[PDB]
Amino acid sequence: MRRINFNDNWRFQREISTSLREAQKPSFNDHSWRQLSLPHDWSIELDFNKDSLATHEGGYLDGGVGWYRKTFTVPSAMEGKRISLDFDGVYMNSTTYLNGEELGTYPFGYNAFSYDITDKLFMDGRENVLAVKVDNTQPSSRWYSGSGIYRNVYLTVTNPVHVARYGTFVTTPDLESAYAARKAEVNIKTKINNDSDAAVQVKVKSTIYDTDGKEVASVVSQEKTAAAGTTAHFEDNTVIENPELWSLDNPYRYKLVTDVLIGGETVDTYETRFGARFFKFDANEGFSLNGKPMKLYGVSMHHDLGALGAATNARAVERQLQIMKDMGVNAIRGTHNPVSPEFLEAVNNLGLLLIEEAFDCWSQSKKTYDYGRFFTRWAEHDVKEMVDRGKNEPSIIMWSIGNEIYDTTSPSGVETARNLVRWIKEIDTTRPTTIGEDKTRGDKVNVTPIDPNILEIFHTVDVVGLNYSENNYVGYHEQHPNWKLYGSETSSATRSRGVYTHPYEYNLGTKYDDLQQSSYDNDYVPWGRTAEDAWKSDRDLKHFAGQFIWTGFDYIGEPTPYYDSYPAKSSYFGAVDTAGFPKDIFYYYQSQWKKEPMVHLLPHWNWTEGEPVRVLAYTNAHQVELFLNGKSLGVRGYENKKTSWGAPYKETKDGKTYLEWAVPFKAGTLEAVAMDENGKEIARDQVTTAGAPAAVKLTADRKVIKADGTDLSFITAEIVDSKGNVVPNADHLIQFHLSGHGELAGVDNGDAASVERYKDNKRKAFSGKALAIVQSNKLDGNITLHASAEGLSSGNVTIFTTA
């Protein structure tokens, strides 16, 4: 096979009391070391440490130095092949050794890297020893990084003449024109390395298949010389008749098969999935995909997967992006680093647009051990790795050169911004460059005079991302009519799932004794906005392409506004908690961004008789009538408004994008009946007063999963009363017992202020719920999860795994 899974049969040990510098030596004694499979994050397995050098920013989880070793033989089927060791990502500052000799060192923690080991392996079934030193000396990060070989590891095995790494570039030049003529013009550039010791003549055959595997196009290149140790470049054009475009609703991808021909014989075969799509950022009209105008309904996403830490998992990342798509999201910003290949696969298959972002710093460091100290020597390598990895991916629309980069106020920053966009364009000229810039925010009210160096950087990129800068959206468009503006980072409102504090108080960067934030859209950072305010500023302007809220999902670390407030260890920014459980604001975004009628009530209905409860309805319906125990508490409605260019939206006469009642509490059932303009019912939602806690209820998101050792079932554990109603403030400890053909990969409840382990077999409910993550093994069979709590009845669920 051309690519081999190399994740199995590793050994791992943290450096704690004594130096592991000798672990580079083949003869080093690792018989005491832990045996594991990658991917692996060593930080997520550790207890929280309030004295951690990671601090609150890194979620109080230690990093430090760790070593991996693998002892292996080479199969005889690999003799005379080119062999490379491919890491998708190691966090961070790794040094790799084979048979006691350094292959190299790799500072950056979020790019793939590769070492040719063809001439370094012992063949003849002799033992080889790989040793990887991982140096995550802290503090290295403003968010939870994780530590170790947290992404997949592979061998690439080819004949001496082969398609290079990232050796194809498939494009659809002038697709808008071609498509109106019922075709896609397909430009294919192919790089062939000759790693033999003598020149060859080589041709490239390019065959395009549809998703059913039907051939749709074919082209054979002219012959070209490839001298020994050099790359030959080919460029070929073909046509797909009546092409299927890649779009959000139909994320259709073709497959290019590249055959490398020498003397008519195939010496290499290489596959490239791609999509045909075109898009535009317009200074006046905003964004459009395949000629359809739309706003970017965007979220920022960090790379951790909650209770899995950084350790990549295709199903976990697909689940996060499915939940974002359910919220009405059409676009993601990879804040603030290249994403995993599993994340790319998910956005390509789900139909989501992606901004890929290289850097959280250039040379000026944000944290002592971050990439800043490497930047001046490695930035060209790392930015080109990101672009070269992702240039064929239809989901990727833009390349961000950085986020909130201090250097952009300096002439040094101007020169760096020119270098980064030049280096990107040497790989890919088909996508706009961008940056996320916060330093024009100024006083949040008036149009900020732009720093001269920021202004020259805004002229250097194709598309200007503003962070937290609503006051400039109109002014910069008027003063710079050719700029394409969007919100690269917005809101940073803070909220805890199921917490309904200070209901009539709108507070900025305020801490409470409960270590929580309120889900009335009424807690947000001093630089930020409510969800509503950041949305209104965008909604109202056609020229503004859209926005990427901070954030879609909670992540580990950055527990703002609880800066020094252990056990506050994970974020409040997410629309959805680390466990995948939506907060109320998830339904606010649905109400603004989706067409399918919905209505969502908050808060819960467990209060004290007589107390006036602030009741909200998030809804895209014209009106809602609220009922308590079957009796009307009154109709609330929107005006059917239009933006300046006639786009319809719903807002009250007082400017609200939600509906509101004040209800004297009476136990029972509160019901929201959503109606169209005519009074016809189009959606309903209810909340019931819960009784005493009685049982643990388990629900699997997927009852059947693959017995491949990596597929997951996400099990919701709820605390319910004797009628099955979720107890909305329940915090009961749930003990999980797993039996069968699987393992408990993690537990979570999304509570930012919990220092319960993620790697454990018990978890407290938070606001009624907890999560258990069940992983398959390689033998098919049944997995049974039993969940108990003191004084309650137990819950049980069976998962089937298929081989």
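Don't overthink the numbering: it's just position in the shown sequence, from 1.
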Between 168-176 and 303-311, which has the larger average Cα B-factor in the PDB entry?
168-176
Using only the Cα atoms and their B-factors as the entry lists them, report which of 405-413 and 363-371 averages higher.
405-413
Name the residue from 525, 696, 74, 153 with the greatest C-alpha temperature factor listed in the entry.
74
Entry record, C-alpha B-factors for 390, 243, 298, 668; the maximum is at 243
Would you check the entry's CA temperature factor for residue 488 and let me know if it's in the chain's lowest, middle or highest third?
lowest
Could you look up the Cα B-factor of residue 514 in the entry and say which third of the chain it sits in: lowest, middle or highest?
lowest
Splitting the chain's C-alpha B-factors into thirds, which one does residue 32 fall into?
highest
Hey, what third does residue 382 fall into on Cα B-factor, ranked over its chain?
lowest
Using the temperature factors of the C-alpha atoms in this entry, rank residue 754 within its chain: lowest, middle or highest third.
lowest
